[PDB]
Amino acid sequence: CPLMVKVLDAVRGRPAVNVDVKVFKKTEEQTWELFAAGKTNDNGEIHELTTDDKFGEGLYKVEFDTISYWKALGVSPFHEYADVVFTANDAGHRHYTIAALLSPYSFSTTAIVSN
C-alpha cells in the first residue's frame, strides 16, 4: 500500500474518525483531477487508497476535510481543509504515509517515506 494517511485529533487524544480524504493528481492541462478518496476509519487511517500499479510518477495533493470533522463535533475551526502537495515516485519507488495532527486553529503534516 504505497499511499497511507494517519490522522490524529489533538483535542481528544484519539485518532480522527470519519475525516473525508481526497487525493488529486496534477494533469498536463495544469488542473487537479480526482485520483482517490476515502474516510478515515476507527484508527484515523485510510485502507486501500491506491495501488503500486495505478500510482506512478507525478504531483499529488492529499486533502483532509477538517472543517466538516470539527463542525460535526460542534467546534468552529479556522481552516477550510488541510492539503499536502508533493511530487511522488520520481527518484525510485517509495511508500508515503501522510500523518496529520489536527487542532481547531492549527495543523501539522508530516511525511514518512520508506523503501
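One-based numbering along the sequence shown.
> Going by the mean C-alpha B-factor recorded in the entry, which is higher: 42-50 or 78-86?
On average, C-alpha B-factors are higher across 42-50.
> Using only C-alpha atoms and the B-factors in the entry, which stretch averages higher, 32-40 or 59-67?
The deposited B-factors put 32-40 ahead on the C-alpha mean.
> Between 8, 1, 112, 5, let me know which has the highest C-alpha B-factor in the entry?
Going by the entry's C-alpha B-factors, 1 comes out highest.
> Determine which member of 91, 98, 101, 19 has the highest CA B-factor, using the values in the deposited entry.
Out of 91, 98, 101, 19, the record gives the largest C-alpha B-factor to 91.
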